[PDB]
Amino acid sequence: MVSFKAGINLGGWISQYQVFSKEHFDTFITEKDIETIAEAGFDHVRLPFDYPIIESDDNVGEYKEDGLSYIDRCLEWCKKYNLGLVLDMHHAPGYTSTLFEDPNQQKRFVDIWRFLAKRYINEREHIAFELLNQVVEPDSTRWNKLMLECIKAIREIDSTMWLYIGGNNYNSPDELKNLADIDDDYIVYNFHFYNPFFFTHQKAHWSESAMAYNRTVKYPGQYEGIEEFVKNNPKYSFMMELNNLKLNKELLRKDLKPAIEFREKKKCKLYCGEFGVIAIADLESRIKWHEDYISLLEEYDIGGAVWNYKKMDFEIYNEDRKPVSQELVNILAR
């Protein structure tokens, strides 16, 4: 029995890689990592991949066996340690995202999934597919169209492959209600969870509003100096609504509600593919958030995967495969 309830992400390997290099690809994640994860009690890993390791924009259609080898070996390592694997396309063709504008990008997208479905057709227990990681559109109309075509295409080849489908605006829990009705029994609905953003992403070097705010935040606790911050930076005036907001478990439960309600109606399976706290947050707060959040997922029977195994500013493990906090790993392995 393979399960997909308590996992961890493998970001930074064949997705969001620093430089496209074999050295990186061959050493960032090796079997020793999958073993560590397995010994820790996680039941699966989420593997984001960016299209270019599989297909080049020039000779569109020729799939690189050198890139695929990494996914293959990871599947082997997982099979060996009885872990599940959620293969996730993090960066699609064209997705300044032309994917929903250019039918050619759409064709390539579907073809890559058709290829993978065929390639792993004999693996029935250890792998699941996550079509597109985070969409950011005015509305769900175009993604719904692309998604339905992709599901259709995959079903022609594999009728029982579990597919993980997320909604608009970074797989937001309240955008699930805007997805097209997929009449299919092998679908799991995905949503990401990083609430409260200024706590989970405090001082995030890649977040302009978070870098501008440049404020340490505790949890439980509350946002401080928002009023004084907006005064100085009228550009982030929208942040005024977060003024003195109290961060606590009931706050987290309120943000999760949209997903819970969607499931009431669809009677479907939910999954939170990404959730976490930037590693520079004080340890006590960081542990407390995960404990509170994991607690809610347990309560509502939702599986998920914490961001991130190593590196990517959200590390759970040091580069020497030792956890940053053992109590944290225990909470996360459920």
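Just count from 1 along the sequence shown to find any residue number.
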For this session: Might you work out how many residues are unmodelled in the deposited sequence between residue 113 and residue 114, and answer none, 1 to 3, 4 to 9, or 10 or more?
Result: none
Exercise. Got a sec? Mean C-alpha B-factor, which is higher, 167 to 175 or 239 to 247?
Worked result: 239 to 247
For this session: May I ask you to compare 154 to 162 and 133 to 141 by their mean CA B factor in the entry and name the higher one?
Result: 133 to 141
Exercise. From 312, 19, 10, 324, pick the one with the largest CA B-factor in the entry?
Worked result: 19
For this session: Between 96, 190, 222, 216, let me know which has the highest C-alpha B-factor in the entry?
Result: 96
For this session: Using the B-factors in the PDB entry, rank residue 231's C-alpha atom against the chain and give the third, lowest, middle or highest.
Result: highest
Problem set entry | residue 308 by Cα B-factor - lowest, middle or highest third of the modelled chain | lowest
For this session: Compare the C-alpha B factor of residue 268 with those of the other modelled residues in its chain, then answer lowest, middle or highest third.
Result: highest
For this session: Determine, from the deposited record, the chain-internal third of the Cα B-factor for residue 53: lowest, middle or highest.
Result: highest
Exercise. Mind checking which third residue 60 falls in for C-alpha B-factor across the chain?
Worked result: highest
